[PDB]
Colleague: 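Here it is: the structure, laid out below.
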Amino acid sequence: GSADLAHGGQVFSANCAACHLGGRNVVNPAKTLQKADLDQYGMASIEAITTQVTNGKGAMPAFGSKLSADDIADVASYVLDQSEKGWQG
Amino acid sequence: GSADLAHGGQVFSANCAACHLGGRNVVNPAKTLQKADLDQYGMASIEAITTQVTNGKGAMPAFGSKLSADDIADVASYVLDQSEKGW
Ligand code: HEC
Ligand code: HEC
């Protein structure tokens, strides 16, 4: 596909899969990356995901000082794309 | 003392149990709060626990901007005390 989504998947594996492998949320099981959960909590957008990745929230760490702006844009795109695809395989 | 440990337990329930319930570690089972693990990684002290809680590490979030210094001292004392008596 696109370069952005591919790089987003690498940012995801290295920074997010520890808690969200395959769209899970092993820490807070009510707040997964499945589309229904993103929709329930108003997180089904690039800007909302970007805000939470940048600032952290609750038990989720912040990445705003550790990732580049492009890294965060790409990982947000990857999450939204995988969520729309049902985190298939 | 007893006051510190009691408040530490409340800070722990509100901020740490999501990942460390009963002294475990839902994200990385190799790095629990059990005495053997704290000893292995040099984390079996108020100073070490305070630092990690304040700064975060890896997938563990930082709490230094969200908790008072007293909150962090107390939760550190709680964790050390639980580890010594076995969670
Ligand atoms: C474990 C330490 C995590 C890391 C690593 C990542 N996330 Fe996370 N995420 C975690 C928690 C505990 C929560 C809920 C926070 C709360 O209190 O509300 C979240 C939530 C999200 C969400 C929203 C999910 C939803 O509302 O259903 C998103 C979109 C999200 N997380 C993305 C994300 C990214 C992109 C990560 C790597 C940069 C990442 N998380 C890491 C726990 C953890
Ligand atoms: C999930 C989002 C966590 C939250 C909430 C808390 N901790 Fe944590 N802890 C977590 C991880 C992923 C790790 C290992 C980090 C690494 O990469 O090395 C830890 C580690 C600790 C340790 C050291 C344990 C050991 O070395 O065996 C301690 C003492 C510790 N965590 C304490 C602690 C406190 C007091 C918390 C609430 C304020 C807390 N953690 C929350 C994951 C998560």
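Chain identifiers are assigned alphabetically (A, B, ...) following the order of the sequence lines, protein sequences preceding nucleic acid strands; residue numbering begins at 1 within each chain.
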Colleague: Output the distance between atom CD1 (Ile46(B)) and atom CD1 (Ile72(B)), rounded to the nearest 0.5 Å.
Modeller: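 Interatomic distance, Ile46(B) CD1 to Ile72(B) CD1, rounded to 0.5 Å: 12.0 Å.
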Colleague: Mind checking whether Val53(B) and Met60(B) have side chains closer than 4.5 Å, heavy atoms only?
Modeller: yes
Colleague: Return a table of donor-acceptor pairs under 3.5 angstrom between the side chains of residues 74-87 of chain B and protein atoms on other chains or two or more places apart.
Modeller:
residue, atom, partner, partner atom, Å
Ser77(B), OG, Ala73(B), O, 3.0
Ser83(B), OG, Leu80(B), O, 2.7
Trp87(B), NE1, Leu33(B), O, 2.9

Colleague: Show, in sequence, the C-alpha distance, side-chain angles and deciding distance for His7(B) and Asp70(B), and conclude whether the side-chain hydrogen bond (donor to acceptor under 3.5 Å, both in side chains) test is met.
Modeller: CA-CA 9 Å; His7(B) 180 53; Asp70(B) 280 356; over 6 Å; no
Colleague: What residues form a side chain to side chain donor-acceptor pair (under 3.5 Å) with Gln52(A), not counting sequence neighbours?
Modeller: none
Colleague: Would a 4.5 Å heavy-atom cut-off, applied to side chains only, mark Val26(B) and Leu21(B) as touching?
Modeller: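 With C-beta onward as the side chain, the pair stays apart.
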Colleague: Starting at CH2 of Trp87(A), measure out to NZ of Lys35(A) and round the result to the nearest 0.5 Å.
Modeller: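 Here the rounded value is 14.5 Å.
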Colleague: For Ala6(B), what residues pass the side chain to side chain contact (heavy atoms under 4.5 Å, CB included) criterion, not counting sequence neighbours?
Modeller: none
Colleague: At what distance, to the nearest 0.5 angstrom, does CD of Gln34(A) lie from CD of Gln40(A)?
Modeller: 11.5 Å
Colleague: For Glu47(A), check side chain to side chain contact (heavy atoms under 4.5 Å, CB included) against everything at least two apart and list the hits.
Modeller: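 In terms of side chain to side chain contact (heavy atoms under 4.5 Å, CB included), with neighbours along the sequence ignored, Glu47(A) is linked to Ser45(A), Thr51(A).
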Colleague: For the residue pair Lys31(B) and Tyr41(B), what are the closest heavy atoms and their distance?
Modeller: CG-CE1, 3.8 Å
Colleague: Sequence neighbours excluded, which residues qualify as side chain to side chain donor-acceptor pair (under 3.5 Å) partners of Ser65(B)?
Modeller: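 For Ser65(B), no residue satisfies side chain to side chain donor-acceptor pair (under 3.5 Å) once neighbours in sequence are set aside.
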Colleague: Looking only at atom types and distance, does a side-chain atom of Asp39(A) sit under 3.5 Å from a main-chain N or O of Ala36(A), one as donor and one as acceptor?
Modeller: no
Colleague: Using every non-hydrogen atom in the two residues, find where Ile49(B) and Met43(B) come nearest and quote the distance to one decimal.
Modeller: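 Where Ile49(B) meets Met43(B) most closely, the heavy atoms are CG1-O, 3.3 Å.
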Colleague: Drop me the distance from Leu5(B)'s CG to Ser2(B)'s OG, to the nearest 0.5 angstrom.
Modeller: 7.5 Å
Colleague: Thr54(A): what forms a side chain to side chain donor-acceptor pair (under 3.5 Å) with it, not counting sequence neighbours?
Modeller: none
Colleague: Does NZ or CZ of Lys66(B) come closer than 6.0 Å to the centre of the six-membered ring of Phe63(B), within 45° of the ring's axis?
Modeller: yes
Colleague: Looking at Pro61(B) and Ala59(A), what are the two nearest heavy atoms and their distance?
Modeller: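 So the two residues come closest at CG-O, 3.4 Å.
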Colleague: Within the distance-only criterion (no hydrogens, no angle test), does the side chain of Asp37(B) pair as donor or acceptor with the backbone N or O of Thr32(B) below 3.5 angstrom?
Modeller: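 Checked: pair present.
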Colleague: In Å, rounded to the nearest 0.5 Å, how long is the span from NZ of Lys57(A) to CG of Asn28(A)?
Modeller: 10.0 Å
Colleague: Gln88(A) side chain to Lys85(A) main-chain N or O, any donor-acceptor pair under 3.5 Å?
Modeller: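 A pair under 3.5 Å: yes.
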